[PDB]
Amino acid sequence: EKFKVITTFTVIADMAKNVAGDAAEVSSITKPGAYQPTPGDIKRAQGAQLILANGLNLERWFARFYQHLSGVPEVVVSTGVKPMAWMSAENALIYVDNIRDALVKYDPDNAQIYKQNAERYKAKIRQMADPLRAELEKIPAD
Amino acid sequence: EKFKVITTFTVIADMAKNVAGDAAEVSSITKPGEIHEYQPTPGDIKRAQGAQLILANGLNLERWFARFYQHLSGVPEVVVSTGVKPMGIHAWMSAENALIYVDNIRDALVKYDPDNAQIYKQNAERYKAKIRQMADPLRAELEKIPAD
């Protein structure tokens, strides 16, 4: 069985699928806005070994007034407890490094795969970011 | 300068203060329950200054997830947005939960402030001992005996 990763954030799943390649299975589940989960979400969550999440630095109230803390590490400390818009290239690169680091940490047996997939993906992301490329896109077809 | 830690949950701050002792400073700030304009107070602005670690609750504590995905309560959860600058984007069970929280808070402080690892480990042990003592099942029935 492949290593299994889930997230509630669709674009994290998109990026993680490119870092994971064939080394891990990445699935997204739906976070209710507001209920009952679909059988597909039951199946997608089954066997998850890692959850990838956005942190406080992406909550609007916090990002508006605590920007200086955007790089502060945030650690989930509830593990085991049982209770009673546009994506800039710069941000995509940071996400990919963080996703790579998490997959390397929790699935060290595939570290080299994750590191090289991330490097390849980052290389494509920068190629897409070239400002000259954006200008040449404005040229209409003959 | 003491290592500085923040959280948005008072109970995490309380537990973290016991684990941190004199080695780290722990402050909490208020998170609104989505609010259009939520302005920080000056007190929260100052409490968050110089924060070096944020302690968070995970998906396993969201009501919808805790109910339907109980089997995932122990699955690790990692924040991967760090550095993103968004330009564009049953008293016995409570005690068992406290013990788990304390271990996780200890582990986080040991990781991010390793110079004080032993202090965090011993403070965590002392605090866990108090939690176990408070929740000892052998004490609970005798506690019911009415006072004079």
Side-chain angles (χ1 to χ4, degrees), chain A residues 1-34 36-42 44-59 62-63 70 73-81 85-88 91-108 110-111 113-115 117-118 121-122 125, chain B residues 54 56-62 64-86 88-89 104:
Chain A
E1 298 293 80
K2 295 172 173 176
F3 192 77
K4 291 178 173 62
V5 186
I6 66 169
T7 184
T8 67
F9 302 93
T10 313
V11 76
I12 287 174
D14 287 348
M15 289 182 294
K17 282 174 183 280
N18 279 279
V19 174
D22 302 297
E25 178 180 6
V26 177
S27 309
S28 60
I29 59 171
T30 299
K31 176 171 238 173
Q36 201 77 10
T38 66
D41 269 9
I42 301 301
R44 272 181 291 277
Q46 169 58 36
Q49 301 165 271
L50 178 64
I51 299 158
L52 304 181
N54 280 330
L56 198 51
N57 69 333
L58 251 78
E59 300 185 26
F62 189 88
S70 59
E74 175 171 8
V75 169
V76 170
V77 295
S78 62
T79 308
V81 172
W86 69 294
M87 169 82 71
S88 68
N91 281 339
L93 293 178
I94 292 160
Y95 266 119
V96 167
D97 274 349
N98 293 337
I99 290 165
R100 170 203 66 194
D101 293 349
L103 290 169
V104 168
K105 174 171 193 311
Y106 283 93
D107 186 27
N110 287 294
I113 297 176
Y114 299 134
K115 285 178 182 181
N117 290 344
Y121 193 46
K122 288 194 289 184
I125 290 168
Chain B
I54 298 160
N57 278 328
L59 185 57
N60 70 329
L61 264 56
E62 311 273 47
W64 69 274
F65 191 93
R67 165 185 36 177
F68 288 108
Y69 301 101
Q70 316 176 1
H71 56 283
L72 300 183
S73 56
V75 173
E77 179 173 0
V78 172
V79 169
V80 293
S81 62
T82 303
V84 168
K85 280 176 288 301
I89 300 182
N104 295 335

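Throughout, a chain's letter reflects where its sequence line sits, starting with A, and its residues are numbered from 1. Only this structure's heavy atoms are used, side chains among them; waters, hydrogens and symmetry mates stay out.
Residue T7(A) holds its OG1 atom at 9.0 Å from CD1 of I51(A), rounded to the nearest 0.5 Å. Separating the CG atom in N54(A) from the OG1 atom in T8(A) is a distance of 7.5 Å, to the nearest 0.5 Å. Atoms CZ and CE, from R100(A) and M15(A) in turn, are 13.5 Å apart once rounded to the nearest 0.5 Å. To the nearest 0.5 Å, atoms CG (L59(B)) and CZ (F65(B)) are separated by 4.0 Å. In this structure, the separation between CZ on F3(A) and CG on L50(A) is 5.0 Å, given to the nearest 0.5 Å. One distance of note links OG of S70(A) with CD1 of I94(A); it measures 8.0 Å at 0.5 Å rounding.
Using a 4.5 Å cut-off on side-chain heavy atoms (C-beta onward), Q49(A) and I6(A) make no contact. Side chains of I125(A) and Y121(A) form a contact here, defined as non-hydrogen atoms less than 4.5 Å apart. Between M87(A) and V11(A) the shortest side-chain heavy-atom distance falls below 4.5 Å. Side-chain contact between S28(A) and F9(A): absent, with no pair of heavy atoms (C-beta onward) separated by less than 4.5 Å.
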Go through the steps to decide whether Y95(A) and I89(B) satisfy the test side-chain contact (heavy atoms from CB on, under 4.5 Å), and finish with yes or no. CA-CA 12 Å; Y95(A) 266 119; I89(B) 300 182; 3.9 Å; yes

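The salt bridge (charged side-chain N to carboxylate O under 4.0 Å, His left out) test applied to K122(A) returns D97(A), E119(A), not counting sequence neighbours. With sequence neighbours left out, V79(B) forms a side chain to side chain contact (heavy atoms under 4.5 Å, CB included) with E74(A), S81(B), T82(B).
Between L58(A) and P86(B), the closest heavy-atom pair is CD1-CG, 4.5 Å. Across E1(A) and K4(A), no two heavy atoms sit closer than the pair OE2-NZ, 3.5 Å. In plain terms, the two heavy atoms of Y114(A) and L103(A) that are nearest each other are CE1-O, 3.4 Å. Heavy-atom minimum distance, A23(A) versus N110(A): CB-CG, 3.7 Å. Nearest heavy atoms, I42(A) versus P37(A): CD1-CG, 3.7 Å.
Judged by distance alone, the side chains of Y69(B) and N60(B) never bring a donor and an acceptor atom under 3.5 Å apart. Judged by distance alone, the side chains of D101(A) and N98(A) never bring a donor and an acceptor atom under 3.5 Å apart.
Under the salt bridge (charged side-chain N to carboxylate O under 4.0 Å, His left out) criterion, no residue pair touches residues 11-22 of chain A, with sequence neighbours excluded.
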